[PDB]
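Listed below, chain by chain, are the residues.
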Amino acid sequence: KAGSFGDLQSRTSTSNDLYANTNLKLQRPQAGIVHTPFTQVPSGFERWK
Amino acid sequence: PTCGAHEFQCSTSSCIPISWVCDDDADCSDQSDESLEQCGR
Amino acid sequence: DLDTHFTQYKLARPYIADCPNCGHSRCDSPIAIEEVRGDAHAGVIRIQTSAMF
Ligand SMILES: [Ca+2]
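### Structural notes on the layout of surface pockets
And step 1. Within this model, the largest pocket holds a volume of roughly 300 Å³.
And step 2. Each residue belonging to the lining of the largest pocket can be placed in one class, and the counts come to seven nonpolar, three polar and one charged.

### Thoughts on the UniProt feature "disulfide bond" in chain B
Residue and element names in this part refer to chain B.
And step 1. In textbook terms, a disulfide joins two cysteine sulfur atoms at less than 2.5 Å, and UniProt's bridge between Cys10 and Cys28 fits this description with an S to S distance of 2.0 Å. Of this pair, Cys10 sits in strand 1 (residues 7-11) while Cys28 sits in the loop between strand 2 (14-17) and helix 1 (36-39), and the two are 18 residues apart along the sequence.
And step 2. A residue is classified by how much of its surface remains accessible, and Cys28, at 8% relative accessible area, is buried.
And step 3. Between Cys22 and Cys39, where UniProt records a disulfide, the sulfur-sulfur distance comes to 2.0 Å, consistent with the annotated bond. Of the two residues, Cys22 is situated in the loop between strand 2 and helix 1 and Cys39 in helix 1; the sequence distance between them amounts to 17 residues.

### Focus on the coordination of the calcium ion
And step 1. Looking at the metal site, the calcium ion is ligated by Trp20 of chain B (O), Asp23 of chain B (OD) and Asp25 of chain B (O), spaced 2.4 Å from it.
And step 2. Here the donor residues of the calcium ion share one chain and are spaced in sequence as W-x2-D-x1-D.

### Looking at the arrangement of the chains
And step 1. In this assembly, two pairs of chains are in contact, and the pair with the greatest number of contacts comprises chains B and C.
And step 2. A minimum C-alpha distance of 23 Å separates chain A and chain B, which share no contact.

### Considerations on the side chain of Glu34 of chain B
Residue and element names in this part refer to chain B.
And step 1. Relative to the helices and strands, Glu34 is located in the loop between strand 2 and helix 1.
And step 2. Of the polar contacts made by the side chain of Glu34, one reaches the backbone nitrogen of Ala26; its length is 3.4 Å.
And step 3. Leaving out residues up to four positions away in the same chain, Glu34 has contacts with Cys22, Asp23, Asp25, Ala26, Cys39 and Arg41.

### Observations regarding the nonpolar core
And step 1. The biggest cluster of nonpolar side chains holds five residues, and these are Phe8, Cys10, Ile16, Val21 and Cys28 of chain B.
And step 2. Sequence-distant contacts of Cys10 of chain B, defined by excluding residues within four places in its chain, comprise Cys15, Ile16, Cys28, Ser32 and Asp33 of chain B.

### Structural notes on the environment of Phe45 of chain A
Residues and elements named next belong to chain A.
And step 1. By the secondary structure assignment, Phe45 is in helix 1 (residues 44-48).
And step 2. Note on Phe45: relative accessible area 44%, which makes it partly exposed.
And step 3. Discounting chain neighbours no more than four positions away, the residues touching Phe45 are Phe5 and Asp7.

### A look at the state of the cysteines
And step 1. Using the criterion set out here, one finds four disulfides over all chains in the structure.
And step 2. Across a sulfur-sulfur distance of 2.0 Å, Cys10 of chain B and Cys28 of chain B are joined as a disulfide pair. Its torsion about the S-S bond being 65°, the disulfide of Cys10 of chain B and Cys28 of chain B is classed as right-handed.
And step 3. Paired through a disulfide, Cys22 of chain B and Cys39 of chain B show a sulfur-sulfur distance of 2.0 Å.
And step 4. When its relative accessible area of 26% is taken as the criterion, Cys39 of chain B is described as partly exposed.
And step 5. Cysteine pairing for chain B, with bonded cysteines counted in sequence order: 1-3, 2-5, 4-6.
And step 6. A disulfide-free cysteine, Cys19 of chain C has its sulfur positioned 4.1 Å from the sulfur of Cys27 of chain C, the nearest such atom.
And step 7. For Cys19 of chain C, a relative accessible area of 12% translates into the label buried.

Quick notes on the rules
Residues numbered from 1 in each chain as written, not as in the entry; some residues may be left out. Chains lettered and ligands numbered in written order. Part of a larger assembly, values for the part shown. Heavy atoms only, no water. 1 Å grid on protein atoms, 1.4 Å probe; cavity = no way out; pocket = protein on both sides within 12 Å on 5 of 7 lines; lining within 4 Å. Points joined across faces, edges and corners; volume = space filled by probe spheres on them. Nonpolar A, V, L, I, M, F, W, Y, C, P; charged D, E, K, R; others polar. Disulfide = S-S within 2.5 Å. UniProt positions renumbered as here; feature names shortened; annotations may be inferred. Helix = DSSP H or I, 4+ residues; strand = E, 2+ residues; numbered from the N terminus. Buried < 20%, exposed > 50% of the residue type's maximum accessible area, 1.4 Å probe, protein only. Donors = N, O, S within 2.8 Å, 3.2 Å for Na, K, Ca; no water. Contact = heavy atoms within 4.5 Å. Polar contact = N/O pair within 3.5 Å; in protein donor to acceptor, adjacent residues only side chain to side chain. Core = buried A, V, L, I, M, F, W, Y, C linked by side-chain atoms within 4.5 Å.

Here's what the structure looks like:
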């Protein structure tokens, strides 16, 4: 649910597969500078702790 | 005993990797790695 | 050896990238704070910049 407990689930500790929804969304760079700004909900594992 | 081929034993069965010798860090308890003989400084 | 930790770092260089609030008006600076990491247990953090130390 992107913010609760399972926003990053990996089948083992070194799996190449990785399921992760985090509500990532890209925003427009502004006023003539080069950067990539994004927006996502904070960590669900951190919120669980 | 002795440690593996990728580990350098300092003393008292405590070994460090090969790149971890003479690297300005006394990682070992006996500090045998930076001794004037192994390091020469 | 101390040289073993710098074999792949001799091939890299510093760079100038933008960062907000040098002084007042969002400079382009040799120091550019990217990816501050603060998940330790005594307030010790690791800061990645653009300069080479
Ligand atoms: Ca050492």
